[PDB]
Amino acid sequence: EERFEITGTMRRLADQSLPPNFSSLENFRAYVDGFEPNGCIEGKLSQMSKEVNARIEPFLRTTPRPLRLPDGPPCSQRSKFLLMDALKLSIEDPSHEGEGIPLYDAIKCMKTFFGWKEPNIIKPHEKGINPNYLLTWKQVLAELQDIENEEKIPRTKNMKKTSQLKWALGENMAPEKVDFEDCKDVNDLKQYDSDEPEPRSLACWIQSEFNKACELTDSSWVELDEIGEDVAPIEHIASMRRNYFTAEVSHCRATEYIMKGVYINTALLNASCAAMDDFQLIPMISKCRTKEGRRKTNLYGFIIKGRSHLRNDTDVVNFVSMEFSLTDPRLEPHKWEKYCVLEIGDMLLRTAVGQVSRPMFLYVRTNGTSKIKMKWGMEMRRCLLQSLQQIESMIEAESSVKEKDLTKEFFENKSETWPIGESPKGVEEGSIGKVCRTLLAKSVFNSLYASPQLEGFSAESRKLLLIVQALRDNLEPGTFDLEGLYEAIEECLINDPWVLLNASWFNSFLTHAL
Amino acid sequence: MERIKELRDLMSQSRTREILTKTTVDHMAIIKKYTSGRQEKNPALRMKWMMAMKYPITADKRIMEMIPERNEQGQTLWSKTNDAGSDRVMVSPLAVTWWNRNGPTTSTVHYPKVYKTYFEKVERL
Amino acid sequence: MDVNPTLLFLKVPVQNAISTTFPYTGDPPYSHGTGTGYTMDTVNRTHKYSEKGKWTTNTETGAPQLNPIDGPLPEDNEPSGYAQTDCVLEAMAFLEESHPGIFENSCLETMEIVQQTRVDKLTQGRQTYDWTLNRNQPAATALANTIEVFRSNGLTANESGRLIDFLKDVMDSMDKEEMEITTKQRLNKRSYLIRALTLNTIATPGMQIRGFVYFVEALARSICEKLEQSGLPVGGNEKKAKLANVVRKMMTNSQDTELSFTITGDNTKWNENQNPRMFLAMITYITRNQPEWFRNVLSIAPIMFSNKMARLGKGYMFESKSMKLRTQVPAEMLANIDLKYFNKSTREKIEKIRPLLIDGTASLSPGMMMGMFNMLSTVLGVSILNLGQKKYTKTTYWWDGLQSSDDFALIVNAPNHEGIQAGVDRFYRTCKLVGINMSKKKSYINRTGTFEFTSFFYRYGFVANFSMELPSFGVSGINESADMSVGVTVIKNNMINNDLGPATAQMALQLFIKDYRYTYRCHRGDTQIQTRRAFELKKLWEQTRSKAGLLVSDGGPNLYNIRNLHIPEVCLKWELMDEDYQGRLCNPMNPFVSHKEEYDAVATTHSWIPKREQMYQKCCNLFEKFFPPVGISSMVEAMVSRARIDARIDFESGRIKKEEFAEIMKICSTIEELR
Ligand SMILES: [Mg+2]
């Protein structure tokens, strides 16, 4: 006979944790024990106000308005590394296969370019010490030649802790913690004012950046490991889906961005835990097989790391990011708010028009990251899985209705064309290949420009989409607080260029969807 | 004056004494390395971190009698290093592969019957 | 041509490509929203919905406590905490009528549990508030700390093993006026009670309260298990069925005239409204005609939650512009602090909560913290779905649906439009009487044939097939042998449970193998890639006749595919292995294994174990005082050697005297005589 009892401190809490009227758990216990229903609900329904209701505003082809995008100065680039503007010094490295040394891969790339000019500032950082950005680039060039002075060549380089580097990496810009018993009264002391982030307007470049992400390149950016021979019927269908997709995604720019993501974030995390309190130079490297197929190493630029005594996953690492580019920053300056761009040399480019001399720039900016945000970038290959699963899930679904697998039709019917774009004339369709790369770019940008604003806009807009779908299905859709839903969607549209384009993309759909 | 007087203080505590006479200048960087991966706490990285090291795997001291110190190419397969609890030594994943190509062969006729619970999943396919 | 992915929905229906509306598929790198400012908004809004109720002063806590239940009916559509005891019990009465025996039987099976359940169970779980050290901590550590206090104070019943006995100690702990822990640390009865009833940052609860919450959710499970409408705690594919069922139920009866509408449901501020006292009312009605001991243990959880306190994390960060200072004010002295330091938005938030603030914690008698009574709250939700039967409505409109915590899906049938509108209102209002506030913003309604429930998107009999959270398909970090089994197991399990498509699983397998080989330097033997292992693995590759035999960790080919994933690799390749290879791979005389006596793995040489204080840091810091040394030399004889060199160089150049040179050489020979 088990016996558990409520007494003392517990019984007095038990007696105080009841409905009003009841002063005693035992009294209440007895009410419930001997309770029988007496249309209590049916009664209190009639007692309740008729102003308490869920009246159904019907959703017509007329009721939904275009989302209102905010007004303000044009939005700025906030990605870690350059995307469409990025430029790379490449070496063909055939005989040495497998994991090498990045420092030397960079120096080898650097030595392929003999066009370095006396560096001058072209478009400065309004909110920054621009001379420091120039000195840092000169210091890189300098310290790289100083390795060929050292008796024994080092594995990695640690930049000398100069003024300009100490500045850029934010050394001695964290103020001292002072017990509030000691600094009790200070006559300029306000809390960490979490200001209303000033709204920005949707600029053109974000769409340009994405358009260029959906394009093919002359370089296989992913080389996936082998798989068991196909046996079961599903395995043959599976491999067909995968290979067809893997084929059209292989050389897509988005996949270069994925690799840039992995290599850089990988190299930054390894340094952040290895050389904790050294200002390590961290080359921005990717690799690809050429269209003929030789292993080719790419240098996009450099990242100098700050102090990285990282305890938590949230703890920050300040870094400077010097990245080569051919794009003139004076064409869309609103983009390069955060950047101080230098002009550091002249390239020759053997294009359709014989060969043309262009100037080479260096988009330098201050920046930071955490173990969580580095890991995020390291796991960017999941974008491939996310992209394939969307394609795979559609096929699975469109096949359900017919009852037969459409894997073959989708990919092989070269007449079967999906609406995925707009042009001056109107809505343009494309190949299943264009859809694969488009869906990949989406997953990649969803990663690259990952924000809470996106999370929200994704979740709330989904509802409006599904409502519109019901209107097209002629399923007499109805809403309860449609104005409330819009306010929740629009609450997410502030300054993030990616979330703003997605909202433009919505309005663009909503017009054609009716 | 103060630094050499302090060294005499740490050699009077017999636990700090046995970290100074055992540990070598070369094997301070190896003690510090794998604690930088315990900050990471994600075991997937902690492994990648350790596999970078020369000798991450632990084994019985009898390995030193069983497999050679270096292979044909002159790669070191194990090192006489201090392990935590007992007289286990540190070993490179080279040694595991080395064993699987030059090791002793015992008769594995009993293994389909010892791991019958596992092997029966193959019979249905 | 400007690419716009959303234009796909002009051709493909939204349910088919709903996969494309989920941006991340994985936890993103911020999950921001758990500040001190955010906790105080929960505390405020919880009271604001429940603000017409009776204020009491707690005898034991000495805390202002709001009781909105049996309170005034709402006359607006804003969220109401004002539940109605007579209504709840009636809903629970008509549930037991519609499912005769559900409570009695579910109690019998839970009486089996409550006894057999062990304290061991309590170590499993997320972050917990450790009242022993006034911090958040791992679950297992928070219990070890708590039993160490209960061991020090005369509460040794926990060391019987069973959980019900650990509770019996937690009960007796409240009555004791002193509470002492050898960390000796002394807490008066009042300060102890605050911490025993604390939620710490939304926020995790104490170790005292957690015990009971299990047995309640355990009872709430056995109930949900016996209900068709409950979407918990059933598996992956098992749930897709329930969507098909409830439509098929309401669409086969339905003649030509009878309309059917499904409403895609989501309830607003679910946790902040429904009151602990209401859960006590439910439990006591379920456990009528039952033994007193069982009735009691289950009653304890709601009681504690009705008396609970929410600590405001750490506090707020300040900053001086000119002076270049910053200071962190705690929560404890945020009541006894000046308001002119804060901003306009933060002042009002502190001025509203300050009446509730008692001992650096805010009193919170109404509402709850997220995901605590998920299963019991589902019973309440279902009890309102239950009241949609032709009999209970007594009208031409009737309803059914599916509920799981705050998410729900409702199908209303009626002979005409006005009938549907009526049936909806009757549900919406019957819901208000028990503290359930349907979100007008989040929710919508359409003709039956398409809807969403727990992110399963039903479209005319098909629910779209995609995994919404993929796990890290990378390495697991145990060793070569295990990680393979785990990684291959993880994919199979994600296909059967998590509804992962095959083509995606094949690519998932590829990305695992890629990571596996990179991590363990075990790239295929025929490839040209260079590592340390490249040589050894190629020497083995050349030696070996049947190479399909070789494991991936021995530079062998990946033979896994959809069909294989359940087989252990060693079994899979067993026939194809060379006699001598197999002879070595499995020879348990090998120095790597140790023991040789939820993943399935054969023990091989690959089943190896990698490498695993203030005394290590002290020696390393003193080494920096000597070198701001030879490789083979130990720490002490590379310290004692640097001392004599600086002693004889400072004696020549004339930095230290003959007295200060003789003192160094004397001490340098006292260190050598200890070695
Ligand atoms: Mg829902």
# chains A, B, ... in the order shown; residues from 1 in each chain; ligands from 1

$ interface_residues --of "chain A" --to "chain C" --cutoff "6 Å" --atoms "only C-alpha atoms" --output "CSV table (one decimal) with C-alpha atoms, in the first residue's frame"
chain,number,residue,atom,x,y,z
A,3,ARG,CA,0.8,6.4,0.5
A,4,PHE,CA,1.9,9.9,-0.7
A,8,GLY,CA,2.5,21.8,5.7
A,9,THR,CA,3.9,24.3,3.1
A,14,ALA,CA,-2.6,23.5,-2.7
A,17,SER,CA,-3.9,27.2,-6.1
A,18,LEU,CA,-7.7,26.6,-6.6
A,32,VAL,CA,-15.3,17.6,-8.7
A,33,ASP,CA,-15.7,14.1,-7.2
A,37,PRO,CA,-22.8,18.2,-16.2
A,40,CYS,CA,-23.0,24.8,-18.0
A,41,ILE,CA,-21.4,25.4,-21.5
A,49,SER,CA,-21.5,38.7,-25.8
A,52,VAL,CA,-17.3,37.7,-29.4
A,53,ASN,CA,-17.5,35.9,-32.8
A,54,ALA,CA,-15.3,34.6,-35.7
A,97,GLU,CA,46.3,16.2,-55.5
A,98,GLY,CA,44.6,16.2,-52.1
A,175,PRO,CA,35.4,49.7,-22.7
A,176,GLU,CA,36.2,48.4,-19.1
A,177,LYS,CA,33.5,46.8,-16.9
A,178,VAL,CA,32.9,49.1,-13.8
A,188,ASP,CA,25.8,60.4,-20.0
A,189,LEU,CA,25.0,56.7,-19.0
A,190,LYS,CA,22.0,55.1,-21.0
A,191,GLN,CA,21.3,51.4,-21.7
A,192,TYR,CA,22.4,49.7,-25.0
A,211,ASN,CA,20.3,36.3,-61.6
A,225,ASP,CA,31.7,10.3,-53.7
A,227,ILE,CA,27.4,5.0,-54.4
A,228,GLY,CA,26.3,1.3,-54.3
A,238,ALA,CA,16.5,7.6,-57.3
A,242,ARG,CA,19.9,12.6,-58.5
A,372,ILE,CA,27.6,29.2,-34.8
A,373,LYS,CA,27.8,31.5,-38.0
A,385,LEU,CA,20.1,18.5,-50.4
A,389,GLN,CA,14.4,17.5,-52.1
A,390,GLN,CA,12.2,20.4,-53.6
A,393,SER,CA,9.1,16.3,-53.6
A,394,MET,CA,7.4,18.0,-56.6
A,397,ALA,CA,3.6,14.9,-55.7
A,419,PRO,CA,7.5,29.5,-65.3
A,420,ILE,CA,10.4,30.9,-63.2
A,421,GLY,CA,11.0,34.5,-64.5
A,422,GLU,CA,9.7,37.8,-65.8
A,423,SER,CA,10.9,40.1,-68.7
A,446,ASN,CA,18.4,31.8,-47.9
A,475,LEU,CA,-12.6,26.4,-52.7
A,476,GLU,CA,-14.5,29.5,-51.4
A,477,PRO,CA,-11.6,30.7,-49.2
A,478,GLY,CA,-12.3,32.9,-46.2
A,479,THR,CA,-10.1,34.9,-43.7
A,480,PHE,CA,-10.7,36.1,-40.0
A,481,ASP,CA,-8.2,39.0,-39.8
A,484,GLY,CA,-3.7,41.4,-39.4
A,485,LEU,CA,-1.8,38.9,-41.6
A,505,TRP,CA,8.8,38.4,-56.0
A,509,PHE,CA,3.4,36.6,-58.5

$ residues_around --residues "residue B:82" --least-positions-apart "2" --cutoff "12 Å" --atoms "only C-alpha atoms" --output "PDB file with N, CA, C and O atoms, in the first residue's frame"
ATOM      1  N   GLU B  18      55.151  16.213 -10.597  1.00  0.00           N
ATOM      2  CA  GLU B  18      55.101  15.042 -11.518  1.00  0.00           C
ATOM      3  C   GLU B  18      54.502  15.443 -12.874  1.00  0.00           C
ATOM      4  O   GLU B  18      54.300  14.538 -13.710  1.00  0.00           O
ATOM      5  N   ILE B  19      54.223  16.737 -13.081  1.00  0.00           N
ATOM      6  CA  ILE B  19      53.843  17.327 -14.401  1.00  0.00           C
ATOM      7  C   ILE B  19      55.062  18.054 -14.994  1.00  0.00           C
ATOM      8  O   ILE B  19      55.064  18.281 -16.220  1.00  0.00           O
ATOM      9  N   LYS B  22      58.020  14.837 -15.781  1.00  0.00           N
ATOM     10  CA  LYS B  22      57.514  13.918 -16.839  1.00  0.00           C
ATOM     11  C   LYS B  22      57.439  14.667 -18.174  1.00  0.00           C
ATOM     12  O   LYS B  22      58.201  14.301 -19.093  1.00  0.00           O
ATOM     13  N   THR B  23      56.561  15.676 -18.266  1.00  0.00           N
ATOM     14  CA  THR B  23      56.247  16.441 -19.509  1.00  0.00           C
ATOM     15  C   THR B  23      57.529  17.050 -20.087  1.00  0.00           C
ATOM     16  O   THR B  23      58.376  17.508 -19.294  1.00  0.00           O
ATOM     17  N   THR B  24      57.649  17.054 -21.418  1.00  0.00           N
ATOM     18  CA  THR B  24      58.788  17.632 -22.181  1.00  0.00           C
ATOM     19  C   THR B  24      58.314  18.908 -22.888  1.00  0.00           C
ATOM     20  O   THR B  24      57.089  19.094 -23.000  1.00  0.00           O
ATOM     21  N   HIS B  27      56.217  18.211 -25.923  1.00  0.00           N
ATOM     22  CA  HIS B  27      54.899  17.615 -25.568  1.00  0.00           C
ATOM     23  C   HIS B  27      54.124  18.553 -24.627  1.00  0.00           C
ATOM     24  O   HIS B  27      53.431  18.038 -23.727  1.00  0.00           O
ATOM     25  N   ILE B  30      51.184  19.557 -27.632  1.00  0.00           N
ATOM     26  CA  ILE B  30      50.297  18.376 -27.867  1.00  0.00           C
ATOM     27  C   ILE B  30      49.261  18.291 -26.734  1.00  0.00           C
ATOM     28  O   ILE B  30      48.131  17.831 -27.013  1.00  0.00           O
ATOM     29  N   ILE B  31      49.622  18.728 -25.519  1.00  0.00           N
ATOM     30  CA  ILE B  31      48.708  18.798 -24.336  1.00  0.00           C
ATOM     31  C   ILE B  31      47.713  19.954 -24.535  1.00  0.00           C
ATOM     32  O   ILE B  31      46.555  19.807 -24.099  1.00  0.00           O
ATOM     33  N   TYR B  55      49.457  11.370 -33.522  1.00  0.00           N
ATOM     34  CA  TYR B  55      49.075  10.168 -32.732  1.00  0.00           C
ATOM     35  C   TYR B  55      47.840  10.470 -31.881  1.00  0.00           C
ATOM     36  O   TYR B  55      47.961  10.810 -30.707  1.00  0.00           O
ATOM     37  N   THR B  58      44.685   5.707 -28.929  1.00  0.00           N
ATOM     38  CA  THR B  58      45.309   4.987 -27.782  1.00  0.00           C
ATOM     39  C   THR B  58      45.248   3.472 -28.022  1.00  0.00           C
ATOM     40  O   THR B  58      44.265   3.004 -28.637  1.00  0.00           O
ATOM     41  N   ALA B  59      46.251   2.742 -27.528  1.00  0.00           N
ATOM     42  CA  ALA B  59      46.363   1.268 -27.634  1.00  0.00           C
ATOM     43  C   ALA B  59      47.201   0.718 -26.472  1.00  0.00           C
ATOM     44  O   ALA B  59      47.914   1.515 -25.821  1.00  0.00           O
ATOM     45  N   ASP B  60      47.129  -0.600 -26.243  1.00  0.00           N
ATOM     46  CA  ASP B  60      47.967  -1.338 -25.259  1.00  0.00           C
ATOM     47  C   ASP B  60      49.445  -1.172 -25.633  1.00  0.00           C
ATOM     48  O   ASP B  60      49.719  -1.026 -26.832  1.00  0.00           O
ATOM     49  N   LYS B  61      50.353  -1.220 -24.649  1.00  0.00           N
ATOM     50  CA  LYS B  61      51.824  -1.071 -24.854  1.00  0.00           C
ATOM     51  C   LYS B  61      52.377  -2.244 -25.680  1.00  0.00           C
ATOM     52  O   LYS B  61      53.508  -2.111 -26.190  1.00  0.00           O
ATOM     53  N   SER B  79      54.194   6.166 -30.794  1.00  0.00           N
ATOM     54  CA  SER B  79      55.150   6.938 -29.954  1.00  0.00           C
ATOM     55  C   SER B  79      55.007   6.523 -28.485  1.00  0.00           C
ATOM     56  O   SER B  79      53.861   6.311 -28.045  1.00  0.00           O
ATOM     57  N   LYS B  80      56.128   6.420 -27.764  1.00  0.00           N
ATOM     58  CA  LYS B  80      56.167   6.142 -26.302  1.00  0.00           C
ATOM     59  C   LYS B  80      55.716   7.402 -25.553  1.00  0.00           C
ATOM     60  O   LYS B  80      56.589   8.144 -25.060  1.00  0.00           O
ATOM     61  N   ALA B  84      46.498   8.737 -19.949  1.00  0.00           N
ATOM     62  CA  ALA B  84      45.877   9.194 -18.678  1.00  0.00           C
ATOM     63  C   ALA B  84      45.991   8.118 -17.588  1.00  0.00           C
ATOM     64  O   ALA B  84      46.840   8.282 -16.690  1.00  0.00           O
ATOM     65  N   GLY B  85      45.182   7.054 -17.681  1.00  0.00           N
ATOM     66  CA  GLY B  85      44.897   6.115 -16.578  1.00  0.00           C
ATOM     67  C   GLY B  85      45.996   5.091 -16.321  1.00  0.00           C
ATOM     68  O   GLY B  85      46.210   4.756 -15.133  1.00  0.00           O
ATOM     69  N   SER B  86      46.659   4.590 -17.374  1.00  0.00           N
ATOM     70  CA  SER B  86      47.586   3.424 -17.302  1.00  0.00           C
ATOM     71  C   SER B  86      48.742   3.556 -18.309  1.00  0.00           C
ATOM     72  O   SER B  86      49.048   4.691 -18.707  1.00  0.00           O
ATOM     73  N   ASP B  87      49.360   2.429 -18.688  1.00  0.00           N
ATOM     74  CA  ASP B  87      50.569   2.351 -19.556  1.00  0.00           C
ATOM     75  C   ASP B  87      50.155   2.050 -21.008  1.00  0.00           C
ATOM     76  O   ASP B  87      50.913   1.362 -21.723  1.00  0.00           O
ATOM     77  N   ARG B  88      48.996   2.555 -21.436  1.00  0.00           N
ATOM     78  CA  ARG B  88      48.596   2.640 -22.867  1.00  0.00           C
ATOM     79  C   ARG B  88      49.465   3.710 -23.544  1.00  0.00           C
ATOM     80  O   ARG B  88      49.897   4.659 -22.846  1.00  0.00           O
ATOM     81  N   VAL B  89      49.705   3.568 -24.851  1.00  0.00           N
ATOM     82  CA  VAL B  89      50.572   4.484 -25.652  1.00  0.00           C
ATOM     83  C   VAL B  89      49.758   5.065 -26.815  1.00  0.00           C
ATOM     84  O   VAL B  89      48.666   4.531 -27.102  1.00  0.00           O
ATOM     85  N   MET B  90      50.290   6.115 -27.451  1.00  0.00           N
ATOM     86  CA  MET B  90      49.615   6.877 -28.534  1.00  0.00           C
ATOM     87  C   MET B  90      50.039   6.336 -29.903  1.00  0.00           C
ATOM     88  O   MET B  90      51.243   6.041 -30.093  1.00  0.00           O
ATOM     89  N   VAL B  91      49.071   6.238 -30.821  1.00  0.00           N
ATOM     90  CA  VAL B  91      49.169   5.479 -32.102  1.00  0.00           C
ATOM     91  C   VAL B  91      48.529   6.305 -33.222  1.00  0.00           C
ATOM     92  O   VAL B  91      47.478   6.927 -32.964  1.00  0.00           O
TER      93      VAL B  91
ATOM     94  N   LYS C 611      42.219   9.839 -27.718  1.00  0.00           N
ATOM     95  CA  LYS C 611      42.626  10.516 -26.452  1.00  0.00           C
ATOM     96  C   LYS C 611      41.390  11.053 -25.723  1.00  0.00           C
ATOM     97  O   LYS C 611      40.416  11.412 -26.404  1.00  0.00           O
TER      98      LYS C 611
END

$ residues_around --residues "stretch 32-40 of chain B" --least-positions-apart "6" --cutoff "10 Å" --atoms "only C-alpha atoms" --output "ChimeraX atom specification"
/A:269-270,272-274,276,309-313,371 /B:46-50,53,56 /C:611-612,616-617,620

$ closest_atom_pairs --of "chain A" --to "ligand 1" --cutoff "12 Å" --atoms "only C-alpha atoms and all ligand atoms" --output "JSON lines"
{"residue": "A:459", "atom": "CA", "partner": "ligand 1", "partner_atom_place_in_ligand_line": "1 (Mg)", "distance": 10.9}
{"residue": "A:460", "atom": "CA", "partner": "ligand 1", "partner_atom_place_in_ligand_line": "1 (Mg)", "distance": 11.4}
{"residue": "A:462", "atom": "CA", "partner": "ligand 1", "partner_atom_place_in_ligand_line": "1 (Mg)", "distance": 11.3}
{"residue": "A:463", "atom": "CA", "partner": "ligand 1", "partner_atom_place_in_ligand_line": "1 (Mg)", "distance": 9.5}
{"residue": "A:466", "atom": "CA", "partner": "ligand 1", "partner_atom_place_in_ligand_line": "1 (Mg)", "distance": 11.9}

$ residues_around --residues "residue C:540" --least-positions-apart "2" --cutoff "10 Å" --atoms "only C-alpha atoms" --output "PyMOL selection string"
(chain B and resi 97-102) or (chain C and resi 525+535-538+542-545+547+550+554-556+581)

$ residues_around --residues "residue C:352" --least-positions-apart "3" --cutoff "10 Å" --atoms "only C-alpha atoms" --output "MDAnalysis selection string"
chainID C and resid 40:41 43:44 347:349 355:357

$ write_last_selection --atoms "N, CA, C and O atoms" --output "mmCIF file, in the first residue's frame"
data_model
loop_
_atom_site.group_PDB
_atom_site.id
_atom_site.type_symbol
_atom_site.label_atom_id
_atom_site.label_comp_id
_atom_site.auth_asym_id
_atom_site.auth_seq_id
_atom_site.Cartn_x
_atom_site.Cartn_y
_atom_site.Cartn_z
ATOM 1 N N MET C 40 10.220 39.878 -19.393
ATOM 2 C CA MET C 40 9.335 40.850 -18.696
ATOM 3 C C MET C 40 8.078 41.116 -19.534
ATOM 4 O O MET C 40 7.046 41.455 -18.934
ATOM 5 N N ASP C 41 8.159 40.977 -20.861
ATOM 6 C CA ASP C 41 6.999 41.143 -21.780
ATOM 7 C C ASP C 41 6.059 39.939 -21.644
ATOM 8 O O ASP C 41 4.836 40.158 -21.700
ATOM 9 N N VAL C 43 5.789 38.107 -18.822
ATOM 10 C CA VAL C 43 5.230 38.296 -17.451
ATOM 11 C C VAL C 43 4.077 39.305 -17.523
ATOM 12 O O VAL C 43 3.028 39.039 -16.904
ATOM 13 N N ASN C 44 4.262 40.406 -18.259
ATOM 14 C CA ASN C 44 3.269 41.508 -18.400
ATOM 15 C C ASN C 44 2.043 41.005 -19.172
ATOM 16 O O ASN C 44 0.926 41.122 -18.632
ATOM 17 N N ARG C 347 11.363 51.655 -19.577
ATOM 18 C CA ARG C 347 10.844 52.196 -18.288
ATOM 19 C C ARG C 347 9.460 51.595 -18.007
ATOM 20 O O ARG C 347 9.298 50.966 -16.944
ATOM 21 N N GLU C 348 8.514 51.782 -18.936
ATOM 22 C CA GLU C 348 7.094 51.343 -18.828
ATOM 23 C C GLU C 348 7.026 49.840 -18.529
ATOM 24 O O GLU C 348 6.175 49.444 -17.712
ATOM 25 N N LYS C 349 7.888 49.048 -19.173
ATOM 26 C CA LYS C 349 7.966 47.567 -19.032
ATOM 27 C C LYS C 349 8.375 47.214 -17.595
ATOM 28 O O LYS C 349 7.869 46.196 -17.074
ATOM 29 N N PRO C 355 5.255 45.917 -9.325
ATOM 30 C CA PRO C 355 4.314 45.369 -8.344
ATOM 31 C C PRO C 355 4.430 43.850 -8.112
ATOM 32 O O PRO C 355 4.187 43.422 -6.994
ATOM 33 N N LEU C 356 4.792 43.090 -9.154
ATOM 34 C CA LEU C 356 4.899 41.602 -9.134
ATOM 35 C C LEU C 356 6.269 41.162 -8.597
ATOM 36 O O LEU C 356 6.364 39.999 -8.156
ATOM 37 N N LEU C 357 7.271 42.052 -8.633
ATOM 38 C CA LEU C 357 8.700 41.760 -8.325
ATOM 39 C C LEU C 357 8.880 41.496 -6.824
ATOM 40 O O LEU C 357 8.607 42.414 -6.029
#

$ residues_around --residues "residue B:104" --least-positions-apart "4" --cutoff "8 Å" --atoms "only C-alpha atoms" --output "JSON, numbers by chain"
{"B": [99], "C": [583, 584, 587]}

$ atom_distance --atom1 "atom CA of residue A:111" --atom2 "atom CA of residue A:218"
23.3 Å

$ residues_around --residues "residue C:379" --least-positions-apart "5" --cutoff "9 Å" --atoms "only C-alpha atoms" --output "PyMOL selection string"
chain C and resi 92+220+223-224+227+230+384+403-405

$ select_by_dssp --residues "stretch 78-226 of chain C" --states "strand (DSSP E)" --output "mmCIF file with C-alpha atoms, in the first residue's frame"
data_model
loop_
_atom_site.group_PDB
_atom_site.id
_atom_site.type_symbol
_atom_site.label_atom_id
_atom_site.label_comp_id
_atom_site.auth_asym_id
_atom_site.auth_seq_id
_atom_site.Cartn_x
_atom_site.Cartn_y
_atom_site.Cartn_z
ATOM 1 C CA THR C 128 17.586 22.829 -15.978
ATOM 2 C CA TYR C 129 17.641 25.529 -13.228
ATOM 3 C CA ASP C 130 20.031 24.272 -10.470
ATOM 4 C CA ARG C 135 22.422 28.744 -12.123
ATOM 5 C CA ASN C 136 21.175 26.914 -15.261
ATOM 6 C CA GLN C 137 23.070 23.589 -15.845
ATOM 7 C CA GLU C 178 16.494 25.539 7.249
ATOM 8 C CA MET C 179 18.035 24.218 3.968
ATOM 9 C CA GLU C 180 21.865 23.683 4.129
ATOM 10 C CA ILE C 181 24.335 22.492 1.388
ATOM 11 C CA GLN C 185 25.505 27.509 2.599
ATOM 12 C CA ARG C 186 22.268 28.523 4.447
ATOM 13 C CA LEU C 187 18.798 29.350 2.911
ATOM 14 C CA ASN C 188 15.750 30.408 5.056
ATOM 15 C CA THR C 198 11.467 29.344 -10.052
ATOM 16 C CA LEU C 199 11.529 29.413 -13.906
ATOM 17 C CA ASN C 200 14.950 30.668 -15.239
ATOM 18 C CA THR C 204 13.628 26.130 -17.904
ATOM 19 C CA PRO C 205 12.145 25.022 -14.520
#
